[PDB]
Amino acid sequence: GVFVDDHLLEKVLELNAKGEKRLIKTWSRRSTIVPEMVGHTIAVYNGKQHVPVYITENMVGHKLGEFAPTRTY
Amino acid sequence: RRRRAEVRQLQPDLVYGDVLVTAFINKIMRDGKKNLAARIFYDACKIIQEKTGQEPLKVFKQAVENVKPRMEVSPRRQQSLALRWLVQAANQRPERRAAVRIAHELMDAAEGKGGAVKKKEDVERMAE
RNA sequence: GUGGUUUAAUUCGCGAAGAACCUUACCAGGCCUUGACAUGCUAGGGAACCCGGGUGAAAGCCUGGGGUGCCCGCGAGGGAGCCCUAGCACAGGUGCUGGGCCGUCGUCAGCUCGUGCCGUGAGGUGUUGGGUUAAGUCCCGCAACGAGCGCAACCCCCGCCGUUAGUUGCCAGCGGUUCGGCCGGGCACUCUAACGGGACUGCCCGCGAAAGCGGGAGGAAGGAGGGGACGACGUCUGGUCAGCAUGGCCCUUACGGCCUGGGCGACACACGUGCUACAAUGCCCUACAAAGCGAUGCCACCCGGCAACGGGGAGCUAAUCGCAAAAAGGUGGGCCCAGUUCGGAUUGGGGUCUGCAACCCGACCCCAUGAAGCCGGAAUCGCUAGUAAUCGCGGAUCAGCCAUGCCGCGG
């Protein structure tokens, strides 16, 4: 059905419970955004490219890119 | 080269008993479907007999005969050339049906007139 | 794909690499004895290994319990297989250039050798002529004579005949009709496989160097039966790291090794090649035809749905020992517009799926979408036989994950 990183939510679930709007990082594969990203800077990290973009309540349901770019950059 | 190769020889069609018939059907032939082009000719002839009352065979042979260029001509090329204009001229006719355009193109050609016959007069006149 | 753009924008001199998760490219990080994996050896200590938690998504590192066999052997030590640590070479390197292997290009016939002669410096004579011609050198005559380049040129496949075998595709006479299949019986027939026979220079005529070719009859494919396949040497002196090996340099063990994550070979302009695309097609309905290659994968078959897909049961190791792909293009009939012809790329919105996911590269369906009803002057490309060409089909996409690569056949 719906996919989601089984971890980027562990660090955000606390922020959503504490009230802190820090930036969460990811290290899996198809890192996807979820409703819990309503007010957080999903600034993932790995070692090269970055995938930030502060998701809101409408920017959720997609991503930033790179994993299927018919283009690049 | 040499041996003069061959050109093969086919049989009649059905209600006409002539070789030039199928040969002409080969011109109207397109996409490799002779079955279609076949009926297109038969139906084209049916319209002739239903509009002139004359034999659709005597009108066909005569038409092609009034197209075979004398100058520009081997007794064979006279056929290949004639069959060309007969199809090209019939390809540029007002009638919407293929069998109808050809039918008219044949009648006019048999009467010494039309676009196909007009083309010949030009080739010959521009050759003499 | 090339030039070019560019944080590197795969590699090499149109295409393939069989399908850009992926190695080759970049940044960052960890380890670097073992060096992701494997083989061999030395030194000290030490008994492999198994189960599991957290950190963790670089798997690095940290911790607990149990903890194999053999001789000397009796309560505990050495040593070997084995583990850890320490060291080294092979290892590893699409990191490059300069034998050999595979293969392409000139694709069709010609070249080479021995004896002898001319005859000397050598070379040539072994095609002078005629007709027919892509490999057992086309043959004959005249020529000095002869031979080889190596059993595939019919060796294999399709079309002819005969014989044998296999029988859910099949079938003449006959009965039961199980409501259309079908059963019983059936070297006859049709299909597949195996072997041999027919195979062009034979019967007759014309010229005859009788070398040969041409025409006709019998037969009927036959003097071309079609295709696959193929030569000293030369050239690209490459490519080839698909495989293997040598030498120089690099590899100094921190891109001087290796591993993972993430990404990249998208596009603005232009060319070359291929595919779909209106003027005669589309839509709907009934419905007999076509071969070859498949497959524990596919998957006929009730119901639900536009489709995809989904729920349940059964069948399979194989087509004359189930079956799927059925259907089907085509063809026939009717019909809507006297240029959206309803062909329809692409982009965009929603939903769904194999798959971890692919949500921005996939695929199917629905609405919109009209580049638009054009089909090209100089020049140029492919093919000519039941070929070109038109159209549809099927398997694997056997060299991995639904993103028209190849081969086979019929009309």
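Because the Cβ atoms are built from the backbone with ideal geometry, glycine has one as well, and the counts that use them run over all protein chains shown. No lab work stands behind these numbers, since they all come straight from the coordinates.
Fewest-first ordering of B:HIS104, A:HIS50 by other beta carbons within 10 Å of each residue's beta carbon gives A:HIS50, B:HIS104. Think of chain A as having a plus end and a minus end, set by charges on the Cβ of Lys, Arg, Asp and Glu; of A:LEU13, A:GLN49, A:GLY65, A:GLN49 sits farthest toward the positive end of this dipole. From helices alone, chain B scores -18500 deg cm²/dmol at 222 nm; the rule is -39500 (n - 2.57) for each run of n ≥ 4 DSSP H residues, then divide by the residue total. A simple charge model with +1 on the Cβ of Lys and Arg, -1 on the Cβ of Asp and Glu and nothing else charged puts the dipole of chain B at about 640 debye relative to its Cα centre.
Using only side-chain charges placed at the Cβ, +1 for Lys and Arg and -1 for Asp and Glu, the dipole size of the protein assembly as shown relative to its Cα centre rounds to 1080 debye.
Of B:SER74, B:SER80, A:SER31, the sequence from fewest to most neighbouring Cβ atoms within 10 angstrom is B:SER74, B:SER80, A:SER31.
The ranking of B:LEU10, B:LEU86 from fewest to most other beta carbons within 10 Å of each one's beta carbon is B:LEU10, B:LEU86. Each 10 Å bin from zero holds the following percent of Cα-Cα pairs in the protein assembly as shown: 8, 25, 16, 4, 1, 3, 9, 16, 14, 4, 0. Comparing B:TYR16, B:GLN54, B:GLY32 along the charge dipole axis of the range B:1-57, the residue lying farthest to the positive side is B:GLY32, per the Cβ-charge model. Considering chain A, its Cα convex hull presents a mean projected area of 5.3 nm². Here the ratio of the Cα radius of gyration of chain B to 2.2 N^0.38 Å is 1.06. Taking the Cα centre of chain A as origin and assigning +1 to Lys and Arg Cβ atoms and -1 to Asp and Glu Cβ atoms, the resulting dipole is close to 280 debye.
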